[PDB]
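J.: Have a look at this one before I ask anything.
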Amino acid sequence: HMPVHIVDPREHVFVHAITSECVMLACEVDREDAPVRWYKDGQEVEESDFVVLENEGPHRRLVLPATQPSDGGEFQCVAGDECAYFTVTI
């Protein structure tokens, strides 16, 4: 069994956002066995009324309808061995 390597995205992800914008992040892994967890500046993103985590096999999503200055940080999608980095700027 091979550990895990995130196939998408393969770069530093700069997101420009505003308070009246909707930031829908996406991270796809190689193996359906090992899904990523989304982290809000290390805190880890939890399921809330306005913070929704959409998941379907290898595909992992973070949907934020009204992207607040509160949500203006770096989101780290941790598979285990490998992690992709998303810098959101309000």
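The chains in the structure tokens are called A, B, ... from first to last as shown; in each chain the residues are counted from 1, and the ligands are counted from 1 in the order shown.
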Contacts of residue A:79 at 7 Å or less, counting only C-alpha atoms, minus same-chain residues fewer than 5 places along, as a ChimeraX atom specification?
T.: /A:4,34-37
J.: Can you list, as a VMD selection string, every protein, DNA or RNA residue that comes within 9 Å of residue A:22 when you count only C-alpha atoms, leaving out same-chain residues fewer than 5 positions away?
T.: chain A and resid 17 63 to 67
J.: Output the selection as an mmCIF file, in the first residue's frame - N, CA and C atoms for each residue.
T.:
```cif
data_model
loop_
_atom_site.group_PDB
_atom_site.id
_atom_site.type_symbol
_atom_site.label_atom_id
_atom_site.label_comp_id
_atom_site.auth_asym_id
_atom_site.auth_seq_id
_atom_site.Cartn_x
_atom_site.Cartn_y
_atom_site.Cartn_z
ATOM 1 N N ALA A 17 -9.866 37.550 -2.551
ATOM 2 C CA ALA A 17 -11.264 37.500 -2.081
ATOM 3 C C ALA A 17 -11.729 38.871 -1.564
ATOM 4 N N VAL A 63 -16.479 25.250 0.829
ATOM 5 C CA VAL A 63 -17.365 26.307 0.298
ATOM 6 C C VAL A 63 -17.655 27.379 1.383
ATOM 7 N N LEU A 64 -17.249 28.630 1.103
ATOM 8 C CA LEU A 64 -17.529 29.802 1.966
ATOM 9 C C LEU A 64 -18.373 30.834 1.153
ATOM 10 N N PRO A 65 -19.745 30.867 1.341
ATOM 11 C CA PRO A 65 -20.660 31.763 0.565
ATOM 12 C C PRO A 65 -20.337 33.279 0.726
ATOM 13 N N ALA A 66 -20.174 33.737 1.978
ATOM 14 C CA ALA A 66 -19.799 35.135 2.291
ATOM 15 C C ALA A 66 -18.418 35.155 2.969
ATOM 16 N N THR A 67 -17.363 35.311 2.153
ATOM 17 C CA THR A 67 -15.961 35.220 2.620
ATOM 18 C C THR A 67 -15.570 36.461 3.455
#
```
J.: For residue A:83, which residue among A:10, A:16, A:1, A:40 is the nearest when counting only C-alpha atoms?
T.: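 The answer is A:10, which sits nearest to residue A:83.
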J.: Go through A:84, A:26, A:45, A:77 one by one, measure the shortest atom-to-atom distance of each to residue A:59 using only C-alpha atoms, and give the residue with the smallest value.
T.: A:26
J.: When you count only C-alpha atoms, which of these residues is closest to residue A:75: A:8, A:41, A:21, A:33?
T.: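 So, comparing all the options, the nearest one is A:41.
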J.: Quote the spacing between atom CA of residue A:62 and atom CA of residue A:27 in Å to one decimal place.
T.: 8.9 Å
J.: To one decimal in Å, tell me the separation between atom CA of residue A:5 and atom CA of residue A:87.
T.: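 One can read the atom CA of residue A:5 to atom CA of residue A:87 distance as 20.3 Å.
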J.: Between A:28, A:74, A:44, A:82, which residue has the minimum interatomic distance to residue A:61, considering only C-alpha atoms?
T.: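 When distances to residue A:61 are compared using only C-alpha atoms, the smallest one comes from A:28.
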